[PDB]
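Asks: Below is a structure I'd like to ask you about.
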Amino acid sequence: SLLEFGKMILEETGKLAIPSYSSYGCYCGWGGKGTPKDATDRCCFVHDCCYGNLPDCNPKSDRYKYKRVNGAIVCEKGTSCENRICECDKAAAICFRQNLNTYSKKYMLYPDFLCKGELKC
Ligand SMILES: CS(=O)(=O)Nc1ccc([N+](=O)[O-])cc1Oc1ccccc1
């Protein structure tokens, strides 16, 4: 679920999902057009694609379980949708951590009109 993803993001990064990742660049918190602005935004692009892989799942609301094994995220077995959603979220959280070095506050509340053009998953 979105709330679980937000907790995972905070755990990974030390940033609150709202506001740090809820309105960032062209793809975080809202897709779905434009060239991603930076690596963090590309995490969101890929995460959006990852959810897009799951048209019959409901990633905003469906809850999954996960644990930590020495810092590592391990998605625990739920329904097929839950497992796949968890894997999408895990990847994005790791991606955000891997790109914290280049996170730029200037991309918070990035305006829509600067995000133009289709980029295929
Ligand atoms: C913000 S919301 O109402 O909870 N919906 C939603 C949540 C996350 C994302 N996103 O891009 O990560 C995008 C979201 O919304 C959109 C999905 C597709 C296209 C436009 C917006």
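Ligands are numbered from 1 in the order shown, residues from 1 within each chain, and chains are lettered A, B, ... in the order they appear in the structure tokens.
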Give the strand (DSSP E) residues of segment 29-112 of chain A, as assigned by DSSP on the backbone, as a PyMOL selection string.
Replies: chain A and resi 66-69+72-75
Asks: Since we have the selection now, will you write its residues out, keeping N, CA and C atoms, as a short mmCIF file (atom, residue, chain, number, x, y, z; two decimals), in the first residue's frame?
Replies:
```cif
data_model
loop_
_atom_site.label_atom_id
_atom_site.label_comp_id
_atom_site.auth_asym_id
_atom_site.auth_seq_id
_atom_site.Cartn_x
_atom_site.Cartn_y
_atom_site.Cartn_z
N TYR A 66 6.66 -7.40 4.87
CA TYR A 66 8.08 -7.59 4.61
C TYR A 66 8.81 -7.54 5.93
N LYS A 67 10.03 -8.03 5.91
CA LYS A 67 10.90 -8.01 7.05
C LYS A 67 12.26 -7.50 6.61
N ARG A 68 13.11 -7.27 7.59
CA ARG A 68 14.50 -6.93 7.38
C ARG A 68 15.39 -8.07 7.79
N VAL A 69 16.37 -8.39 6.97
CA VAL A 69 17.35 -9.39 7.34
C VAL A 69 18.68 -8.63 7.21
N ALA A 72 18.58 -5.75 4.83
CA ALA A 72 17.97 -6.12 3.55
C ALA A 72 16.44 -6.26 3.70
N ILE A 73 15.70 -5.81 2.71
CA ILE A 73 14.26 -5.97 2.67
C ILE A 73 13.95 -7.33 2.06
N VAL A 74 13.14 -8.11 2.75
CA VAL A 74 12.65 -9.38 2.29
C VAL A 74 11.14 -9.35 2.26
N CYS A 75 10.57 -9.37 1.06
CA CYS A 75 9.13 -9.44 0.91
C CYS A 75 8.65 -10.81 1.33
#
```
Asks: I want to know what sits within 9 Å of residue 9 of chain A, based on only C-alpha atoms, with residues of the same chain fewer than 2 positions away left out; could you give that as an MDAnalysis selection string?
Replies: chainID A and resid 4:7 11:17 21 89:90 92:94 96:97
Asks: With distances taken over only C-alpha atoms, which of A:1, A:63, A:101, A:53 is nearest to residue 76 of chain A?
Replies: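 Using only C-alpha atoms, the shortest distance to residue 76 of chain A belongs to A:63.
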Asks: Please check which protein, DNA or RNA residues sit within 7 Å of ligand 1, counting only C-alpha atoms and all ligand atoms, and write them as a list in words.
Replies: residues 27, 28, 29, 30, 31, 32, 44, 48 and 60 of chain A
Asks: Find the residues near residue 102 of chain A: any atom within 9 Å, counting only C-alpha atoms, skip ones fewer than 3 places away on the same chain, and give them as a list in words.
Replies: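 The neighbour list is residues 38, 39, 40 and 99 of chain A.
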Asks: Take the residues from that selection and put them in a file with C-alpha atoms, as a short mmCIF file (atom, residue, chain, number, x, y, z; two decimals), in the first residue's frame.
Replies:
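What landed in out_16.cif:
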```cif
data_model
loop_
_atom_site.label_atom_id
_atom_site.label_comp_id
_atom_site.auth_asym_id
_atom_site.auth_seq_id
_atom_site.Cartn_x
_atom_site.Cartn_y
_atom_site.Cartn_z
CA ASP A 38 17.44 12.97 -12.39
CA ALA A 39 18.21 9.54 -11.00
CA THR A 40 15.69 9.87 -8.16
CA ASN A 99 20.47 8.10 -5.42
#
```
Asks: Taking the DSSP secondary structure from the backbone, can you list the residues of chain A that are alpha helix (DSSP H), as a PyMOL selection string?
Replies: chain A and resi 2-13+17-20+39-52+80-98
Asks: Output C-alpha atoms of each residue in that selection to a file, as a short mmCIF file (atom, residue, chain, number, x, y, z; two decimals), in the first residue's frame.
Replies:
```
data_model
loop_
_atom_site.label_atom_id
_atom_site.label_comp_id
_atom_site.auth_asym_id
_atom_site.auth_seq_id
_atom_site.Cartn_x
_atom_site.Cartn_y
_atom_site.Cartn_z
CA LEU A 2 1.04 3.61 -0.43
CA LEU A 3 1.37 4.10 3.32
CA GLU A 4 3.60 1.02 3.61
CA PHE A 5 5.69 2.27 0.73
CA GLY A 6 6.04 5.60 2.54
CA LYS A 7 7.26 3.86 5.69
CA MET A 8 9.71 1.86 3.63
CA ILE A 9 10.99 5.07 2.02
CA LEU A 10 11.47 6.74 5.39
CA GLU A 11 13.25 3.65 6.76
CA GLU A 12 15.57 3.52 3.80
CA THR A 13 16.31 7.20 3.32
CA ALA A 17 7.74 10.24 1.64
CA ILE A 18 5.42 13.22 1.91
CA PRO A 19 6.92 15.74 1.12
CA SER A 20 10.25 14.46 -0.17
CA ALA A 39 18.21 9.54 -11.00
CA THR A 40 15.69 9.87 -8.16
CA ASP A 41 12.99 10.73 -10.67
CA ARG A 42 14.07 7.71 -12.72
CA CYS A 43 13.45 5.58 -9.63
CA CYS A 44 9.89 6.85 -9.78
CA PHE A 45 9.61 6.30 -13.49
CA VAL A 46 10.63 2.69 -13.09
CA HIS A 47 8.36 2.28 -10.08
CA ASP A 48 5.45 3.59 -12.14
CA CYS A 49 6.33 1.11 -14.88
CA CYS A 50 6.58 -1.63 -12.24
CA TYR A 51 3.06 -0.89 -11.05
CA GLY A 52 1.98 -0.62 -14.68
CA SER A 80 0.57 -12.80 -6.01
CA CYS A 81 -0.36 -9.14 -6.30
CA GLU A 82 1.04 -8.40 -2.86
CA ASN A 83 4.32 -10.10 -3.66
CA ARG A 84 4.71 -8.23 -6.90
CA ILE A 85 3.75 -4.89 -5.38
CA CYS A 86 6.25 -5.44 -2.59
CA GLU A 87 9.01 -6.14 -5.10
CA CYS A 88 8.21 -2.90 -6.93
CA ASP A 89 8.28 -0.90 -3.70
CA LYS A 90 11.46 -2.55 -2.41
CA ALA A 91 13.24 -1.70 -5.65
CA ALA A 92 12.12 1.91 -5.52
CA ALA A 93 13.17 2.33 -1.90
CA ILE A 94 16.60 0.87 -2.67
CA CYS A 95 16.80 3.10 -5.73
CA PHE A 96 16.02 6.18 -3.66
CA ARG A 97 18.75 5.21 -1.20
CA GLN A 98 21.21 4.64 -4.03
#
```
Asks: Can you tell me how far atom CA of residue 115 of chain A sits from atom CA of residue 33 of chain A, in Å to one decimal?
Replies: 5.6 Å
Asks: Could you check how far atom CA of residue 65 of chain A sits from atom CA of residue 77 of chain A, in Å to one decimal?
Replies: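 Going from atom CA of residue 65 of chain A over to atom CA of residue 77 of chain A covers 7.5 Å.
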Asks: Looking at only C-alpha atoms, which of A:26, A:57, A:37, A:105 is the one that sits closest to residue 79 of chain A?
Replies: A:57
Asks: Tell me, as a list in words, which residues lie within 10 Å of residue 106 of chain A, counting only C-alpha atoms; anything in the same chain fewer than 3 positions away does not count.
Replies: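 The residues that qualify are residues 24, 25, 103, 109 and 110 of chain A.
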Asks: Atom CA of residue 36 of chain A and atom CA of residue 62 of chain A are how many Å apart?
Replies: 26.9 Å
